[PDB]
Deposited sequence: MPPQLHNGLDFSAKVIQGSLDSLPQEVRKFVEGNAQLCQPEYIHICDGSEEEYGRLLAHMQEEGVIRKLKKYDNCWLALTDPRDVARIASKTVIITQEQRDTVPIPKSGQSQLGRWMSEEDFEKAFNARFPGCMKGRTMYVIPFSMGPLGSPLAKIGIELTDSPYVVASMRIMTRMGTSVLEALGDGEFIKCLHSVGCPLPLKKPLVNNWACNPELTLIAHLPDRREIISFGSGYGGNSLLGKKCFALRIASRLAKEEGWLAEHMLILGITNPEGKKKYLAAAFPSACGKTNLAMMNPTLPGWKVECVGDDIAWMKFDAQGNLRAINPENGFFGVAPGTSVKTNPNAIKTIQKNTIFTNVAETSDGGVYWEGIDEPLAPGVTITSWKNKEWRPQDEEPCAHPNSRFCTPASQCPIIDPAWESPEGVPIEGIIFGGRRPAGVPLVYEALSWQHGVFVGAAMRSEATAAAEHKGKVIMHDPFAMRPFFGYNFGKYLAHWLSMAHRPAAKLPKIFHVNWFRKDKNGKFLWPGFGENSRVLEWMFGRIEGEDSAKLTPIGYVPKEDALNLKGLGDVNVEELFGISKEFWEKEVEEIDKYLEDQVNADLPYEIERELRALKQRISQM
C-alpha cells in the first residue's frame, strides 16, 4: 500500500505488534514515531516478566538502584532541576483564553495558565522533532479506573522513559487487557519525551535524562491530547497522575456531567458496623494520604482506603454520588510518613515499591525527614543528592516532596470495594488545609451552595520554587494547580449538581488540623485522633442533634466530640470564632474572587459571600 517502506515502523518493533493495535492507536504510534525518531518501539503488555526485565535494565544502566533491605524495592535519584511539577511551564491550550482561565484584573491568574494554539505549535516544533533518537518509544495502553467500569477512561502514553513505564504500571492499569478493552473506542493521546535525544547535547546529571530549559507540560482538551516535554518526573511524566486525572478529566467531566477532583475516598465504619464513604479535598502537604489510610484512635472504629488523591464522581440513577479511584496505586509524599503518622502506608511500601529522591541507609533501607525510626549506631545515610549526610546538616536527606510509588492492592486497609466498577456512594465531602489562626477544627456547611462557596474560599499555608517559606494562599477545592478550564465555570458546574432531580447531595464539611496557639504550637494532636472529628461528621450525616449554629456554619456542641484521652485540649481556642478574624476573612475572599474570577463568578457564590458577611456583622 506504499511507494517505499517509510511510514511502516514494523522493523523497529521489539515487543508486540503494530498489526494488533487498533487503527487509531496505530496512527498515533506511527505518526509520533515518524516525528520523534525513536530507535525502537516497545508495545507494553503490562506483564510481570516485562516489568522485572525493565527494572533490571534500568539497574543494569544505573538509572535505578535496588533497595536490598526490602522485597523488590527500588530507588531513583533525579537531577535536582527536575524535582516537581513546574506550574509556570504547565499550560492548557484553547481557542479562547477565557475558556481556560478567568481574566484577572491584575497580574497573572493564580487559577491556571493558558497558551495560544499558535504559541504551542511553535513550542512543539522547537521540541519534538527527532527527540527520541537513539531511545525506545514505549507504548503504554492504560485505564484510568477499573477496566470496563462505565466511569473509567482509557489513554495511550508514548514515552521514551522506562522509569515512566515502571511507574505507570503501578499507578494505572496497563497492558494488553487495556488494548483489548479499548477496541476502536476513543482514548486520550498522551505524548511524553524527556527531551534528550542521543547523542546527548548536554551532560547528563545523576543518570537522569531531562531538559529543564525546554520543559513544557501541555494539555489540549479539544484535541483529547496531553503533550509533555523535558521532565522525567511525577505529574510531568506519568501522564495519568494529574494531566489526565485532573486537567483533561475535569474538562471531560464538565462536558459529560460528572466531577474530576483532587480528593481522597475513604470508607469509615462505626462500632455498630454502619459504614459510610467520605471524599476529601486538601492541598499538597495537608494530609489526604494520612486521612485516607487512617488508623483511628477511637476504639471500635475502622477506616478503609478507596483512593488517596483523585476521585471521579458521577450521580447514579438512584441519586447517589458514586466515586471511583481512577488510579491503581499511591504516589505518596515520603517525608513525614511513619508508624506514628501513617502506619498503614509503612506496611504498603515495604515491597514492590519505587522510591524517588529519598535517602538510602547503609544497610539498603529508605530514610527521610519524619520517618520516626532511629537507626542502629553505625548505620550511615546517603542523601537524595547521592552524598553522605549527618542529622545536623543544613540540607534535608530526602527532597521535601520526594515520593513512593506503591501498588494500591498492597494497602492492608484497602477497601474491598476500591475497584468496584460502580463506585462508592459519597455521603460527605470534606474541604480543608493549613490555617494556623481563626478557622476551627471542623464546621459544616449550611447548604450545597454554601458548601460550594466553602470549597471556593479555601486558603492554605503552602510551602519553594514559587516563594520562600510558608505563605497562606487561595487553593479553591484543592484544585488551584489543576483546573482544566475556567474556574468560574467550574463553580457553576458544581452548583448545577443541586438541580439534578433526586440527587442525594453529600453533606459538606471544612476541617482544620493545623490551628496553633499564640506560641506556634498545634492545638489539635491530629493523625489517628482525627477519627474523633470523623465520628462527628458521621453522626451529622445520620441527622444527630450534635451541632451548634455559628456564622460560618455548624460546629460541634459542647461535649459533642469524644475527647477521652485528650484532657489537655484547649477547646475554647480550638473552636473559637472571632468577629475580627472573620471580617478580615470575608474581605480578603471578596477581593480575591473579584480580582481572580470577576465576570465568571456565579451569582450563587456572590450571594453566599454576602450572606456570610451579613452573619458576621451580627456577631
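If you line up the deposited sequence with the model, which stretches have no C-alpha coordinates? Model skips 1 to 2, 466 of the deposited chain.
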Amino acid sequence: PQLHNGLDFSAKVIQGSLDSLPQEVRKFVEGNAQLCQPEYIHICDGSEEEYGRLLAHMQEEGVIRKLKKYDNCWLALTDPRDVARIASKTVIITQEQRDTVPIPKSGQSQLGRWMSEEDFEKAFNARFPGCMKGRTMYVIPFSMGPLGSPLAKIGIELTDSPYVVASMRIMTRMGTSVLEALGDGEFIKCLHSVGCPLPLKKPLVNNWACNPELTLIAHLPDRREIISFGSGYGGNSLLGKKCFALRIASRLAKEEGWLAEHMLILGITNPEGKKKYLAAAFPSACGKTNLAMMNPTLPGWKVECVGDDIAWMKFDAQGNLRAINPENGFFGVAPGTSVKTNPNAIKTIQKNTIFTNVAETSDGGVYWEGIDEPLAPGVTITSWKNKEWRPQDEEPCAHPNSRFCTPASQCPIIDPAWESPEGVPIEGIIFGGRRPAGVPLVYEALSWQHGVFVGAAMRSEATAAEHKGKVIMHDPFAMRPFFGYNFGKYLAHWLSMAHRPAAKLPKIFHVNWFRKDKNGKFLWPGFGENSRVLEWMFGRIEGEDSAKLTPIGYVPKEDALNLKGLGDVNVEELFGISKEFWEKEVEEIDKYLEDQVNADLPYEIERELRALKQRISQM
From here on, numbers count along this sequence of modelled residues.
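Mean C-alpha B factor from the entry: is it higher for 234 to 242 or for 194 to 202? Looking at the recorded C-alpha B-factors, 194 to 202 comes out higher on average.
Report the stretch with the higher mean CA temperature factor, choosing between 159 to 167 and 347 to 355 on the basis of the entry. Taking the mean C-alpha B-factor of 159 to 167 and of 347 to 355, the larger value falls to 347 to 355.
Tell me, please, which of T463, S228, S116, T406 has the highest C-alpha B factor according to the deposited entry? Answer for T463, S228, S116, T406: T463, with the highest C-alpha B-factor.
Peak C-alpha temperature factor (PDB record), options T90, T297, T100, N325: Answer for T90, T297, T100, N325: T297, with the highest C-alpha B-factor.
Third of the chain, ranked by Cα B-factor, where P283 sits: For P283, whose C-alpha B-factor we compare with every modelled residue in the chain, the answer is the lowest third.
Using only modelled residues of the chain, where does the Cα B factor of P38 rank: lowest third, middle third or highest third? Ranked within chain, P38 CA B lands in the lowest tercile.
CA B-factor ranking of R224, expressed as a third of its chain: Ranked within chain, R224 CA B lands in the middle tercile.
So where's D590 on the chain's Cα temperature factor ranking, which third? CA B-factor rank for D590: middle third.
For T269, return the chain-relative third of its C-alpha B-factor as stated in the PDB record: lowest, middle or highest. According to the entry, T269 has a C-alpha B-factor in the chain's middle third.
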